[PDB]
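These notes concern the structure reproduced below.
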Amino acid sequence: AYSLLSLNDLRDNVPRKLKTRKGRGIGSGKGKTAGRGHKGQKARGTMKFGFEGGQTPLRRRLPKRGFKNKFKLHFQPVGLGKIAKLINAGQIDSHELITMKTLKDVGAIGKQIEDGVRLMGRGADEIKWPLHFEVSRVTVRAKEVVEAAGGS
Amino acid sequence: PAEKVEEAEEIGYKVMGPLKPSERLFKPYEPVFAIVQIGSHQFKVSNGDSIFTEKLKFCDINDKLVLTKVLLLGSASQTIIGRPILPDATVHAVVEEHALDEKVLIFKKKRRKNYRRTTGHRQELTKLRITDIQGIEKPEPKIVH
Amino acid sequence: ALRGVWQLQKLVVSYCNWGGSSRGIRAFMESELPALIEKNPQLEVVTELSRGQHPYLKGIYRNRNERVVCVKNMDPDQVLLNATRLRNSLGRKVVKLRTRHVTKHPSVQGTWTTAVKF
Amino acid sequence: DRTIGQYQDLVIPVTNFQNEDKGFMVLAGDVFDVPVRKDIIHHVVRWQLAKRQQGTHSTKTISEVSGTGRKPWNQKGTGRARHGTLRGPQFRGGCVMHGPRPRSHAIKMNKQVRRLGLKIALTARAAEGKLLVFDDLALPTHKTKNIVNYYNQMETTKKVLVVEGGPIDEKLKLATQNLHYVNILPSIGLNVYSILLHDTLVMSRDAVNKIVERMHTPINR
Amino acid sequence: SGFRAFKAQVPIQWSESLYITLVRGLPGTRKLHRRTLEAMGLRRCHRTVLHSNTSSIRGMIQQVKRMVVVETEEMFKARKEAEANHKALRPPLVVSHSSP
Amino acid sequence: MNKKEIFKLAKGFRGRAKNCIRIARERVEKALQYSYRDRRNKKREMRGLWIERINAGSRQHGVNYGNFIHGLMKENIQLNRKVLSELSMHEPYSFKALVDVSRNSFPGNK
Amino acid sequence: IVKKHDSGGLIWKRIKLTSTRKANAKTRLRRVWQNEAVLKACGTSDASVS
RNA sequence: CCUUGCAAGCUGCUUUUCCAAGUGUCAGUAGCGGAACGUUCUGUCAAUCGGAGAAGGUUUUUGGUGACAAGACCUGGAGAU
RNA sequence: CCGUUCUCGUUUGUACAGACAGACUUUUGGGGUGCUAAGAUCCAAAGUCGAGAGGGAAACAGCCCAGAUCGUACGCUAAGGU
RNA sequence: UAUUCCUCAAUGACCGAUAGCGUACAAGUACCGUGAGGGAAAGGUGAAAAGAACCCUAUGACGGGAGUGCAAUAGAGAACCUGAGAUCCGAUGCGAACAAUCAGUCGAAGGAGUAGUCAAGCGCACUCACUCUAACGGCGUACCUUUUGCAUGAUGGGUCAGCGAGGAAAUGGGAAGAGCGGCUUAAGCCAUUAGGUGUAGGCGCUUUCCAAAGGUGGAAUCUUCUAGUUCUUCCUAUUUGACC
Ligand SMILES: [K+]
Ligand SMILES: [K+]
Ligand SMILES: [K+]
Ligand SMILES: [K+]
Ligand SMILES: [K+]
Ligand SMILES: [K+]
Ligand SMILES: [K+]
Ligand SMILES: [K+]
Ligand SMILES: [K+]
Ligand SMILES: [Mg+2]
Ligand SMILES: [Mg+2]
Ligand SMILES: [Mg+2]
Ligand SMILES: [Mg+2]
Ligand SMILES: [Mg+2]
Ligand SMILES: [Mg+2]
Ligand SMILES: [Mg+2]
Ligand SMILES: [Mg+2]
Ligand SMILES: [Mg+2]
Ligand SMILES: [Mg+2]
Ligand SMILES: [Mg+2]
Ligand SMILES: [Mg+2]
Ligand SMILES: [Mg+2]
Ligand SMILES: [Mg+2]
Ligand SMILES: [Mg+2]
Ligand SMILES: [Mg+2]
Ligand SMILES: [Mg+2]
Ligand SMILES: [Mg+2]
Ligand SMILES: [Mg+2]
Ligand SMILES: [Mg+2]
Ligand SMILES: [Mg+2]
Ligand SMILES: [Mg+2]
Ligand SMILES: [Mg+2]
Ligand SMILES: [Mg+2]
Ligand SMILES: [Mg+2]
Ligand SMILES: [Mg+2]
Ligand SMILES: [Mg+2]
Ligand SMILES: [Mg+2]
Ligand SMILES: [Mg+2]
Ligand SMILES: [Mg+2]
Ligand SMILES: [Mg+2]
Ligand SMILES: [Mg+2]
Ligand SMILES: [Mg+2]
Ligand SMILES: [Mg+2]
Ligand SMILES: [Mg+2]
Ligand SMILES: [Mg+2]
Ligand SMILES: [Mg+2]
Ligand SMILES: [Mg+2]
Ligand SMILES: [Mg+2]
Ligand SMILES: [Mg+2]
Ligand SMILES: [Mg+2]
Ligand SMILES: [Mg+2]
Ligand SMILES: [Mg+2]
Ligand SMILES: [Mg+2]
Ligand SMILES: [Mg+2]
Ligand SMILES: [Mg+2]
Ligand SMILES: [Mg+2]
Ligand SMILES: [Mg+2]
Ligand SMILES: [Mg+2]
Ligand SMILES: [Mg+2]
Ligand SMILES: [Mg+2]
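Protein chains in written order, with my numbering: chain A, 58 to 209; chain B, 626 to 770; chain C, 144 to 261; chain D, -1 to 219; chain E, 1015 to 1114; chain F, 9 to 118; chain G, 134 to 183.
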């Protein structure tokens, strides 16, 4: 039995849950109308989910709103605290320029850049050095904090 | 051990130890009777009788028993009535078997309601052989030559 | 025991050394069977190998009745319980108990008749 | 004995088909000493067998059973049960309602779970003492009698799986194909179900090196 | 009758504690009274609970007073004592019939 | 319940009810319902029989059943009705002694 | 209790007030009267040590 | 089944079992949840059983809460899992 | 605000419902309509049936008593009886 | 890249004679229809025909013997392996023409057939022995469906055997279990006694208000906490014939 792996003796952690087979006998508890009750559309299976009974539904009583700007630009937000945490770990060289390639390679940006990067002010107290950034957008507080530490 | 003795006394029996092959306790019939209480049930027995009781938890096969709750004694000439028991009277017995009875089916059904249940049950019983009744004078041997 | 005479004479332990359904009876043979053999000197216990078959216990009695209890896929304590119930039985047929007080002498003083005077 | 699952490197003897002494090899502990888990092996074996199933099983619906769509008699008046065809699911010779149709039975499994299952299988073989490492798998001839002689020489074995690093040489291929109890695989085809079908595992040094190199390379993503 | 067992064998006076015994069944009664009996701890017929004698308990008893027997500590103790004294062992009776 | 078990339980049934599964299943289920009910009802019937035999035994000596059984209760004699009826049938002199004891315990009115 | 006895096709028979029914009513009255006496005796003050 | 203890492992120093008590609970349609039995087929299985008679069929007996299981005689004549 | 119950039956998240044909009894002494009729009909407040077996009401959905885990040829009671 | 009137080779947790093609058998036949058209049923002696010489009784051997054969109810002439049930005719035991009712159930007199055990004297009383029957007593108005409610004089079923309805895919809402710690690939590609690869994409990190432009300091101070994702099983939903 010590370190045996027989096909004879394999199983999962918990026992397998089996399918509920309706329309079998009385003792199963789901025979004779299964779990459908008596008559109507729902017992005969001709009911569409979301129908509300002929009342004007909420999806048609509320107004439509606005328009969609097809040319909306999406920028990835990065807080200064994430950049500080990656600076202290040696992933980012704080003496060189921090571009969007630098943030993309260390994983501060996720998988898909869309239109660029917006630098944010979350965790800005952890910025203690002059840092130079080249991003697409930047908030007012993040630029204020970075220039207060001698960067740009 | 003393707790089992106390509980068996509550039921109404005392274990005296195993039956030895040297003993001849199964004597011919004597015309006295006793009424004994074992659990809820009462039995009117003479020697050589057999009774099936509810399962006795603290005895084994071929154990000699003393039945401690004797309610009445009788013979051809006198009757001794206990209020409720007779402490001076003893009835001796031997455990013969612990066996399950025949299965009874428990069936329930509610018509037109799609409900039914079927289950079984077997009750365990203890068989005792009554060997000796004490506390009332037995008739003398009338050796009719 | 009927009037002090033990009724079960032979306990046959039928088992398989290969089959998975004989695991419990094999553990019973190793663990609980010597104790039962020791506590019953009046009982003969034979053990029989039956490869490819499901295990059972067989009880042969004084009245030439044989009772077989299949013990396939049982835990060892259930096998020991079945062996104990075979030992404690008188070997009778499993039918309904017609009475709980068997007597051949129902009356010491004579059954009531219309001729009885007080 | 030893505690399996500590991720410790192991030292194994190296031999060949001639029962010679070819030194020793170190087996990487993150491949041959992982904790042994039955549930992962259960899922990997189920994944392999589900991928294997052909699924060429079929029945006919009422659109495919031969028979007319005509109503067999009038809805009312004949005293008989109403039917739309004579090919309904309750009819003899009729359609099969909810019957099988040809489909794939394959399920999905993460790649890392498959790698872990292969690690567990190799660890169990090394832990039982049923893993033999060969310096190479070269045979003098293609005759099956050499393999049969080595198999008879072996100790407490029934079915052997022989793993080669690269593609299998023609001599071993010809020598083992008539034997149901000796089966061969390149290291690219090593799988959990093939390992568990044989109680003894024979791997060359190249096969061990290729498996450890594969497990030490992360999944490219 | 069944109330004959519960008749007072002691004068009824002020008590420190009260014993309440449910002597009526639950179906066919108001759900409020059943919830009150549940708040007294009485769920099954012929069951007895023991409570301190204050107005919060007394109002609950007053609501369901036709379903229960309420006893003082002294009445309950006397009833149990008389029941134990009745079942106590007495000396045997010997009757010699004989001579038909 | 299987078809073979139903045919086992339908043994001795009259007509097609022992033989055909549609007919046998109803009659066997009704038989099992009767068996469940009659395990309860047997105790009522047997207590009625014991009380009838005790009442016949005690009225031979001029004592009604209720006065007799209450006089036995008053003396802490705890023999039950089954054993008392067996005494009334098979040990009439001991039963007469019990009737005398109960009549001294509780004569009743009249 | 049902009190409709001379109308309709569903028979609710009138339960006659026999002496035995009067005896049961008197027993129930004795029980409630003893309960009321206990509540009157115990209602003068509350039990201490709360 | 639950609750309260008890004693064991754990890792969780707290979640799981064994045992003991329980004047604790256990009618049930629609319906919801939990735990199982059996059938066919596949791997385990070039393994195991089979003229020392397979499958299937009739009797009979024993076991489990149940779906059901199992022993033996007879029939059967090559398969069963 | 304070007792009793020690039960979470409370509130709420998530997932799965079924049901939206009710019936009778409580002085016609909670009332409307009807004829102070209906086994009518429509509301209020209880209970039972529905979905509830057992004992009583001759027989009995809805009244009275009372809630069926199983076994016993043990005991005490309810309604109702002797 | 599409398709199969076709050929060759191979495979199947596909079916196994009411299944699988309508057809395992001379089937698009027989049969039905003016016609278009509709459309079956029916497999199995035995290893080998050794397929039963001859006798007896019948008009006549399929019978009773004999013989063949492992086996003859293995004895057939589009059918004989096994040989269930409904159904029909008999044999034995008990009940049965003075007593009524879902045909039972709980008790039970009697009748009939049949075993074994053994201390003491080779009988006899023990195993409530066992099996079948059941005079007589108490209790007992089928089942299913549908209903406020059915013994209902509401529905359905002559009986038996076989068959007969919650099922598949993809995509969502969840639960349980697991892998990894950012997770996971799709088509494809290289191999298949078998896996390995493949980053395009998807979700998360991620920033909350807002129609859009615009705008965006989480919690904590005492070595700081600061994200999920992909599978498997099951319950449900959508689109599909969607329980029949
Ligand atoms: K048509
Ligand atoms: K069919
Ligand atoms: K056909
Ligand atoms: K044959
Ligand atoms: K035949
Ligand atoms: K009868
Ligand atoms: K009609
Ligand atoms: K899903
Ligand atoms: K996870
Ligand atoms: Mg249900
Ligand atoms: Mg049905
Ligand atoms: Mg439902
Ligand atoms: Mg319906
Ligand atoms: Mg509905
Ligand atoms: Mg069509
Ligand atoms: Mg048409
Ligand atoms: Mg078909
Ligand atoms: Mg009427
Ligand atoms: Mg009526
Ligand atoms: Mg009067
Ligand atoms: Mg009364
Ligand atoms: Mg329930
Ligand atoms: Mg057979
Ligand atoms: Mg088969
Ligand atoms: Mg199988
Ligand atoms: Mg509506
Ligand atoms: Mg409505
Ligand atoms: Mg409706
Ligand atoms: Mg309404
Ligand atoms: Mg009203
Ligand atoms: Mg009105
Ligand atoms: Mg009215
Ligand atoms: Mg009405
Ligand atoms: Mg109406
Ligand atoms: Mg209401
Ligand atoms: Mg309804
Ligand atoms: Mg209810
Ligand atoms: Mg009722
Ligand atoms: Mg009645
Ligand atoms: Mg009633
Ligand atoms: Mg209950
Ligand atoms: Mg056919
Ligand atoms: Mg066939
Ligand atoms: Mg066909
Ligand atoms: Mg011939
Ligand atoms: Mg053959
Ligand atoms: Mg044949
Ligand atoms: Mg037949
Ligand atoms: Mg006959
Ligand atoms: Mg006559
Ligand atoms: Mg008639
Ligand atoms: Mg009977
Ligand atoms: Mg009757
Ligand atoms: Mg109607
Ligand atoms: Mg009715
Ligand atoms: Mg009808
Ligand atoms: Mg009707
Ligand atoms: Mg009809
Ligand atoms: Mg059928
Ligand atoms: Mg791929």
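Where is the CB? At the ideal position from N, CA and C, for every residue including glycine.
In three-state terms, what does DSSP make of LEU162/G? To locate residue 162/G, count along the seventh sequence from 1; it is residue 29. It is helical.
Looking at the strands, I want to know which residues DSSP matches up with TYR179/D. Reading the fourth sequence from its first residue, position 181 is the one you call residue 179/D. Residue pairing by DSSP places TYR179/D in no beta bridge whatsoever.
Element boundaries [beta strand (DSSP E), containing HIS1065/E]: For the purposes of this step, residue 1065/E is identified with residue 51 of the fifth sequence, where counting begins at 1. Judged by DSSP secondary structure, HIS1065/E falls within the beta strand (DSSP E) whose first and last residues are 1062 to 1066.
Using beta carbons (cut-off 9 Å, strictly below), is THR1086/E in contact with chain G? Taking the fifth sequence and counting its residues from 1, the one referred to as residue 1086/E is at position 72. Interface residue, yes.
If the criterion is Cβ atoms closer than 9 Å, does the pair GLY707/B and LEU697/B meet it? Here residue 707/B refers to the residue found at position 82 of the second sequence. Here residue 697/B refers to the residue found at position 72 of the second sequence. Yes, these two residues count as a Cβ contact at 9 Å.
8 Å Cβ shell around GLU187/C - same chain, five flanking residues per side excluded: Translated into the one-based positions of the third sequence, residue 187/C becomes position 44. Correct list, in chain order: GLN152, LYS153 and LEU154.
Starting from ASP220/C, trace the beta strand (DSSP E) both ways and give me its first and last residue. The residue given as residue 220/C occupies position 77 in the third sequence. No beta strand (DSSP E) contains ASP220/C, which is instead part of the alpha helix (DSSP H) from 219 to 231.
Measure the C-alpha to C-alpha separation of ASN208/C and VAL160/D and round it to an integer number of angstroms. Locating residue 208/C in the third sequence gives position 65, counting from the first residue. Locating residue 160/D in the fourth sequence gives position 162, counting from the first residue. The C-alpha of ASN208/C lies about 59 Å from the C-alpha of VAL160/D.
Report the rounded CA-to-CA distance for residue 221/D versus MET107/D, giving the unit in angstroms. Examination of residue 221/D is not possible in this model, given that chain D is present from -1 through 219 alone.
Counting only beta-carbon separations shorter than 9 Å, does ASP69/A have a partner in chain D? The residue you call residue 69/A lines up with position 12 of the first sequence. For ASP69/A, the answer is yes, since a Cβ of chain D falls inside 9 Å of its Cβ.
Counting only Cβ pairs nearer than 7 Å, list the residues of chain B close to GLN252/C. By 1-based counting over the third sequence, the position of residue 252/C is 109. The answer, in chain order, is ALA701.
Answer with yes or no whether the minimum CB distance from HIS78/F to chain B is below 9 Å. Within the sixth sequence, numbered from 1, the residue matching residue 78/F stands at position 70. Closer than 9 Å: no.
Quick check on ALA199/A: does DSSP put it in helix, strand or coil? By 1-based counting over the first sequence, the position of residue 199/A is 142. Here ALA199/A sits in helix by DSSP.
Can you find a CB in chain B that lies within less than 9 Å of the CB of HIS1060/E? The residue given as residue 1060/E occupies position 46 in the fifth sequence. False, the Cβ-Cβ gap to chain B never drops below 9 Å.
Beta-carbon proximity list for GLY234/C, same chain, < 8 Å, skipping 5 on both sides: If you number the third sequence from 1, residue 234/C lands on position 91. Closer than 8 Å at Cβ, skipping near neighbours: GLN150, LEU151, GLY202, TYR204, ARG205, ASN206, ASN208 and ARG210.
Residues bridged to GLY136/A (per DSSP): For the purposes of this step, residue 136/A is taken as the residue at position 79 of the first sequence. Partner residues in the beta bridge of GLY136/A, as assigned by DSSP, are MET177/A.
In terms of residues, what are the limits of the beta strand (DSSP E) holding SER1069/E? In the fifth sequence, residue 1069/E corresponds to position 55, counting from 1. Unbroken run through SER1069/E is the alpha helix (DSSP H), 1069 to 1077; no beta strand (DSSP E).
Is the segment 744 to 757 of chain B touching the segment 647 to 662 of chain B in the sense that three or more CB pairs, one from each, lie closer than 8 Å? Note that the segment 647 to 662 of chain B touches the segment 744 to 757 of chain B; at least 3 beta-carbon pairs, one per stretch, sit closer than 8 Å.
Count the C-beta pairs between the segment 59 to 75 of chain F and the segment 1075 to 1093 of chain E that are closer than 8 Å, then say yes if the count reaches three, no if not. The segment 59 to 75 of chain F vs the segment 1075 to 1093 of chain E: no contact.
With hydrogens ignored, establish whether the beta-carbon of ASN157/G is closer than 8 Å to any heavy atom of ligand 21. For the purposes of this step, residue 157/G is taken as the residue at position 24 of the seventh sequence. Yes.
Just how far apart, CA to CA, sit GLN6/D and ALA26/D? Indexing the fourth sequence from 1 puts residue 6/D at position 8. Indexing the fourth sequence from 1 puts residue 26/D at position 28. Distance between the alpha carbons of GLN6/D and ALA26/D: 8 Å.
Which of the three DSSP states, helix, strand or coil, is assigned to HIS140/D? As a position in the fourth sequence, residue 140/D is number 142, starting the count at 1. Correct three-state label for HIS140/D: coil.
Collapsed DSSP secondary structure at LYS247/C in the structure displayed: Locating residue 247/C in the third sequence gives position 104, where the first residue counts as 1. Correct three-state label for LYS247/C: coil.
Beta carbon proximity, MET1054/E to chain G, threshold 9 Å: The residue given as residue 1054/E occupies position 40 in the fifth sequence. The C-beta of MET1054/E comes no closer than 9 Å to any C-beta of chain G.
Amino acids of chain E, ordered along the chain, whose beta-carbon sits closer than 7 Å to that of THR177/G: Taking the first residue of the seventh sequence as position 1, residue 177/G is located at position 44. Neighbours of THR177/G on chain E, chain order: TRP1028.
Do the segment 69 to 81 of chain D and the segment 174 to 183 of chain D touch if we need at least three Cβ pairs shorter than 8 Å? Put simply, the segment 69 to 81 of chain D does not touch the segment 174 to 183 of chain D. Fewer than three CB pairs are less than 8 Å apart.
Expressed to the nearest angstrom, what Euclidean distance is found between the alpha-carbon atoms of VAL109/F and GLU99/F? Reading the sixth sequence from its first residue, position 101 is the one you call residue 109/F. Reading the sixth sequence from its first residue, position 91 is the one you call residue 99/F. Here the alpha carbons of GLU99/F and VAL109/F stand approximately 16 Å from one another.
Hey, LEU192/C and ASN160/C: beta-carbon distance below 9 Å or not? Numbered from 1 along the third sequence, position 49 holds the residue referred to as residue 192/C. Numbered from 1 along the third sequence, position 17 holds the residue referred to as residue 160/C. A contact, by the Cβ cut-off of 9 Å.
Can you check DSSP and say which residues form a bridge with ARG754/B? As a first step, residue 754/B is located in the second sequence; it is residue number 129 there, counting from the start. Answer by DSSP bridge pairing, in chain order: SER675/B and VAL719/B.
What did DSSP end up calling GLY27/D once you bin it into helix, strand or coil? Taking the fourth sequence and counting its residues from 1, one reaches residue 27/D at position 29. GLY27/D falls in the helix class under three-state DSSP.
At which residues does the alpha helix (DSSP H) containing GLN98/A begin and terminate? Sequence index remark: in the first sequence, residue 98/A carries index 41 (1-based). 97 to 100 is the extent of the alpha helix (DSSP H) around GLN98/A.
Pick from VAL107/F, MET97/F and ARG30/F that is closest to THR257/C, judged by C-alpha positions: To locate residue 257/C, count along the third sequence from 1; it is residue 114. When only C-alpha atoms are compared, the closest one is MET97/F.
Going by C-alpha distance, which of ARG736/B, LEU644/B, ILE663/B and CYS684/B is nearest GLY147/C? Numbered from its first residue, the third sequence carries residue 147/C at position 4. Nearest to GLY147/C by C-alpha distance, out of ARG736/B, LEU644/B, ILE663/B and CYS684/B, is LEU644/B.
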